[PDB]
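Beneath this line is the structure, given in structure tokens, with notes to follow.
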Amino acid sequence: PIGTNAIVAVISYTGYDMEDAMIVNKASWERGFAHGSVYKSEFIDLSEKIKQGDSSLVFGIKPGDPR
Amino acid sequence: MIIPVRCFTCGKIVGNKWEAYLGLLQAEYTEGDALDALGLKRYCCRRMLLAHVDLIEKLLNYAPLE
Amino acid sequence: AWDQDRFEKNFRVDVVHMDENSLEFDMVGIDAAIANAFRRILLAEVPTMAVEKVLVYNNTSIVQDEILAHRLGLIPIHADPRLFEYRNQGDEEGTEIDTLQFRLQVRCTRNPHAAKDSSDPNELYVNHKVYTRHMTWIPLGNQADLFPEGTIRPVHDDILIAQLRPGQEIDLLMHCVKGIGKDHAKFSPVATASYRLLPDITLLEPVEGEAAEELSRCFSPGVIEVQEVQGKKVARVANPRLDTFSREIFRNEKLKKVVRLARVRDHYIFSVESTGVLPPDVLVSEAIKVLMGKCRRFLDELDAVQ
Amino acid sequence: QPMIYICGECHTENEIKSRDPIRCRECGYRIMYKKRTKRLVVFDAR
Amino acid sequence: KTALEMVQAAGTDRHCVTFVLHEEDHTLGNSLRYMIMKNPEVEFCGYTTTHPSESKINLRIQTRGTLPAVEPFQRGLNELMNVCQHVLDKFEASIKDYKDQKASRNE
Amino acid sequence: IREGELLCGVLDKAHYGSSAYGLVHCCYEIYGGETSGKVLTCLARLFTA
């Protein structure tokens, strides 16, 4: 299923609504009206850049700046 | 996904009627009567059950079960 | 002009029903721009307690953790809002005085000795529908000396939170605070709060003959009592209060003027529906208290500026 | 303590330690996940 | 830490001046006003909400004679609070009435 | 309108509309610009409230 229901009342109660602008109650936007989240999954390979040795990814022995 | 806690329009607690909903289902009421007996009057709370569709009893099958 | 006693002769508050989490009382004799103030103060001002900080240890369920964190907030604590202070600015720790502290932990596993069936998980599982009774209050400092048992608890012990399958577990540690109804929306102590003006159905003609059929169907369930002084049904209003203005009288070209639909000027009817933090009576009282206190603040400020 | 991983197709730990293949030393199939360390983390719920 | 502040009109003084409350809504600025209105010495009394993303209102008060507006203002506050006091009294009285009644009904 | 007090007739599309021989039209010609603009904004506000 693709979308989520809603209650419409069609009045010129604010002026705000014209040329397709619309107002949404702030509470029923806190109560969970169609909250979203996106998964972007970047990808990396260290074989992309040709370097010497057995470069693979790991935190070095060297003390990394302890942040 | 899972049933939301408080209704959207007004604010009632609806995050519990689901189990008793399926209950009064097995007792074979026509849903109009079920949402009545569950005590919901203003319709903006009824369309929260008359049209919910559960997506964890169909999404858990891919569980990394053990 | 204004005069106290002229008014105070008029005001009366008739109650028509109260039970647990319900209230309905006529405020006949006040002017709109005060009733509106009561309703606003209810839906926005009676302070309440709620969850606003969840700490995660090892979430390994399908329900991603951000959404669990926000799905918690709506949960109502069943504790007293009057016995705390607004959390002093910052200080995530705070004091005793500005916090509850709950805890949730439901590590799930299989069913020890299950049959062949695999019909329902309740026979196949244990701890797979994490409810709220798996939450347990924790004390801070002298909370023990302060409160008795059986109070600090969410209000229903039935609000489904998650769903697990063997191998997955959760570990939370909440943080409760105090706030108002306009800083957010998980603070409304009531479902609804409204008022409609008593409708007043005056037959500008005596209706008669066979109109009774369509009249009785022109209105709400029981309004016109068909009355038979001579076995011949006539109509009169049983209760003008029980209607919502169907206005389904006008579609009949004839019965558009033999009746009259209107409103009595000031006959408001509140109706409060509490969640359960407090029963509606203390709610109304607290609303009025905060209005009066606001006005006192303004007045004393005007005084101390001069 | 050390790093842990799980084989995808059969779900049996593999614990990559040395400089070595990336195959589940039992499970022929080969693609890996990571596993969750119990940690503390702040998360608002407004 | 102001919570009430007035800016004195250029045209005249102290029969037309305009107030600036803080931290408010259409609750006070629509009850207080209706209360002031009943007073007959006042000419003009109206309010607005200067800004949606802030919460402060604007109160305008104008009077026939030469007495400043502080007097109608203050008497309005007082009128309203005494009203609410009486209302609360009647409320709780009626509450306990019907409660003890309901108990008496079912005993 | 006679001396700034309308006496009969509606305000239809013509006057507050942007056409020749309108209200905000003529205000601007003989008073300046700023006052015509103020008329427009204030009249709109009344019309919303």
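The listed protein sequences derive, respectively, from chains B, J, C, L, K and A. Read in order, the letters of the first sequence correspond to residues 736 to 802 in PDB author numbering. Read in order, the letters of the second sequence correspond to residues 1 to 66 in PDB author numbering. Read in order, the letters of the third sequence correspond to residues 39 to 344 in PDB author numbering. Read in order, the letters of the fourth sequence correspond to residues 13 to 58 in PDB author numbering. Read in order, the letters of the fifth sequence correspond to residues 24 to 130 in PDB author numbering. Read in order, the letters of the sixth sequence correspond to residues 739 to 787 in PDB author numbering. Note that CB positions come from ideal geometry on N, CA and C, so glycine has one too.
### Message
Can you list, in chain order, the residues of its chain with a C-beta nearer than 6 Å to that of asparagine 62 of chain K? Leave out the 5 residues immediately preceding and following it.
### Response
Contacts found: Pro95.
### Option nearest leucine 100 of chain K by Cα separation, candidates K:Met58, K:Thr71, K:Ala116, K:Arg37
Measuring from the Cα of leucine 100 of chain K, the nearest candidate turns out to be K:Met58.
### Query
From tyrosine 169 of chain C to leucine 202 of chain C, what distance separates their C-alpha atoms?
Straight across, the Cα-Cα distance linking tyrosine 169 of chain C with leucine 202 of chain C is about 11 Å.
### Query
Name the chain C residues that come within less than 7 Å of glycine 11 of chain J, Cβ to Cβ?
In chain order, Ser226, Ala229 make up the part of chain C whose C-beta sits under 7 Å from the C-beta of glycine 11 of chain J.
### Message
So, with DSSP's three-state summary, where would you put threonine 230 of chain C?
### Response
Strand.
### Query
Which residues in the same chain as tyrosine 766 of chain A place their Cβ atom closer than 7 Å to its Cβ, once the five residues preceding and following it in sequence are excluded?
So the qualifying residues of the chain are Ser774.
### Task
Would you mind listing the alpha helix (DSSP H) stretches within the region 97-126 of chain K that are 4+ residues and don't spill past its ends, in chain order?
With a minimum length of 4 residues, no continuous alpha helix (DSSP H) run stays inside the region 97-126 of chain K.
### Query
Based on the DSSP secondary-structure assignment, which residues constitute the bridge partners of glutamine 139 of chain C?
Its beta-bridge partners do not exist; DSSP assigns none.
#### Entry: Boundaries (first-last residue) of the alpha helix (DSSP H) holding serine 312 of chain C
DSSP places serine 312 of chain C in no alpha helix (DSSP H) but in the uninterrupted beta strand (DSSP E) bounded by 310-312.
### Message
Quick check: is the beta carbon of residue 116 of chain J nearer than 8 Å to any beta carbon in chain C?
### Response
Any question about residue 116 of chain J goes unanswered here, given that chain J covers just 1 to 66.
#### Entry: Whole-angstrom C-beta distance between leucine 178 of chain C and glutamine 139 of chain C, which should lie under 8 Å
Contact flag correct, Cβ pair sits at about 6 Å.
### Query
Since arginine 191 of chain C meets chain J, which of its residues come closer than 7 Å, beta carbon to beta carbon?
Neighbours of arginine 191 of chain C on chain J: none; closest Cβ ~15 Å, over 7 Å.
### Exposure label - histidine 55 of chain C; buried when at least 16 CB within 10 Å
The residue is exposed, with fewer than 16 neighbouring Cβ atoms inside 10 Å.
#### Entry: Boundaries of the beta strand (DSSP E) in which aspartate 64 of chain C is found, first to last residue
Its beta strand (DSSP E) spans residues 62-64.
### Task
Please name the residue in C:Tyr233, C:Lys167, C:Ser157 whose C-alpha comes closest to that of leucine 80 of chain C.
Out of C:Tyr233, C:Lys167, C:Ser157, C:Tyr233 has the C-alpha closest to the C-alpha of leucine 80 of chain C.
### Query
Between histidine 52 of chain J and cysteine 146 of chain C, what straight-line distance do the alpha-carbon atoms span, to the nearest angstrom?
In a straight line, the C-alpha of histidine 52 of chain J is about 27 Å away from that of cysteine 146 of chain C.
### Query
In three-state terms, what does DSSP make of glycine 738 of chain B?
Three-state result, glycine 738 of chain B: coil.
### 6 Å Cβ shell around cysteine 256 of chain C - same chain, five flanking residues per side excluded
Contacts found: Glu286, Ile287.
### Query
Does the beta carbon of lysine 46 of chain L come closer than 8 Å to any beta carbon on chain C?
At a cut-off of 8 Å, the C-beta of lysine 46 of chain L has no neighbouring C-beta in chain C.
#### Entry: Where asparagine 129 of chain K falls, given that 16 or more other Cβ within 10 Å makes a residue buried
Counting of Cβ neighbours within 10 angstroms places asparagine 129 of chain K among the exposed residues, the total staying below 16.
### Message
Is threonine 240 of chain C close to chain L? Criterion is C-beta to C-beta, closer than 8 Å.
### Response
By this cut-off, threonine 240 of chain C is not an interface position.
### Query
Considering only C-alpha positions, which residue in the set C:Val84, C:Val66, C:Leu235, C:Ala39 is nearest to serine 312 of chain C?
Taking each of C:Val84, C:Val66, C:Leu235, C:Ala39 in turn and checking the Cα distance to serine 312 of chain C, the smallest one comes out for C:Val84.
#### Entry: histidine 305 of chain C to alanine 231 of chain C span [Cα, whole Å]
In this structure, the straight-line span from the alpha carbon of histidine 305 of chain C to that of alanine 231 of chain C is close to 16 Å.
### Task
Tell me the start and end of each unbroken alpha helix (DSSP H) in the region 99-123 of chain C that is at least 4 residues and wholly inside, in chain order.
Qualifying alpha helix (DSSP H) stretches, in chain order: 103-111.
### Task
Taking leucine 316 of chain C as the reference, give the member of C:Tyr124, C:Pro114, C:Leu106, C:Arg44 with the closest Cα.
Here the closest residue by C-alpha is C:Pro114.
### Message
At a CB distance below 7 Å, what residues from the region 756-773 of chain B approach chain J? Give them in sequence order.
### Response
The region 756-773 of chain B vs chain J, Cβ under 7 Å: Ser763, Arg766, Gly767, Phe768.
### Task
With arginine 83 of chain K as the anchor, note down where its beta strand (DSSP E) starts and where it stops.
Taken as a continuous stretch (DSSP letters only), the beta strand (DSSP E) holding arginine 83 of chain K covers 80-86.
### Contacting residues, own chain, Cβ-Cβ under 7 Å from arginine 125 of chain C (five flanking each side not counted)
Cβ neighbours of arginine 125 of chain C beyond the five flanking positions: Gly132, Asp136, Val215, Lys216.
### Task
Would you kindly work out how many angstroms separate the C-alpha atoms of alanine 758 of chain A and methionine 753 of chain B, rounded to a whole number?
The alpha-carbon atoms of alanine 758 of chain A and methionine 753 of chain B are separated by roughly 25 Å.
### Query
Alpha carbon to alpha carbon, how far is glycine 770 of chain A from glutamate 62 of chain C?
Their Cα atoms are separated by approximately 59 Å.
### Task
Taking residue 8 of chain C as the reference, give the member of C:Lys327, C:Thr174, C:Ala223 with the closest Cα.
This structure leaves residue 8 of chain C out entirely; chain C is present only between 39 and 344.
### Message
For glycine 32 of chain J and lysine 761 of chain B, I'd like the C-alpha separation in whole angstroms.
### Response
If I take the Cα positions, the gap works out to 30 Å.
### Task
Report yes or no: is there a C-beta of chain J within less than 8 Å of the C-beta of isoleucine 742 of chain B?
Under the 8 Å criterion on CB atoms, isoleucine 742 of chain B is classed as interfacial with respect to chain J.
### Message
Pull the bridge partners of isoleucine 18 of chain L from the DSSP assignment, please.
### Response
Partner residues in the beta bridge of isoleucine 18 of chain L, as assigned by DSSP, are L:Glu25.
#### Entry: For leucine 93 of chain C, the residue or residues it bridges with in DSSP
DSSP output for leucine 93 of chain C lists C:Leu211, L:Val54 as bridge partner(s).
### Query
Under a CB-based cut-off of 8 Å, is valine 53 of chain J close to chain C?
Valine 53 of chain J is outside the set of residues whose beta carbon lies under 8 Å from a beta carbon in chain C.
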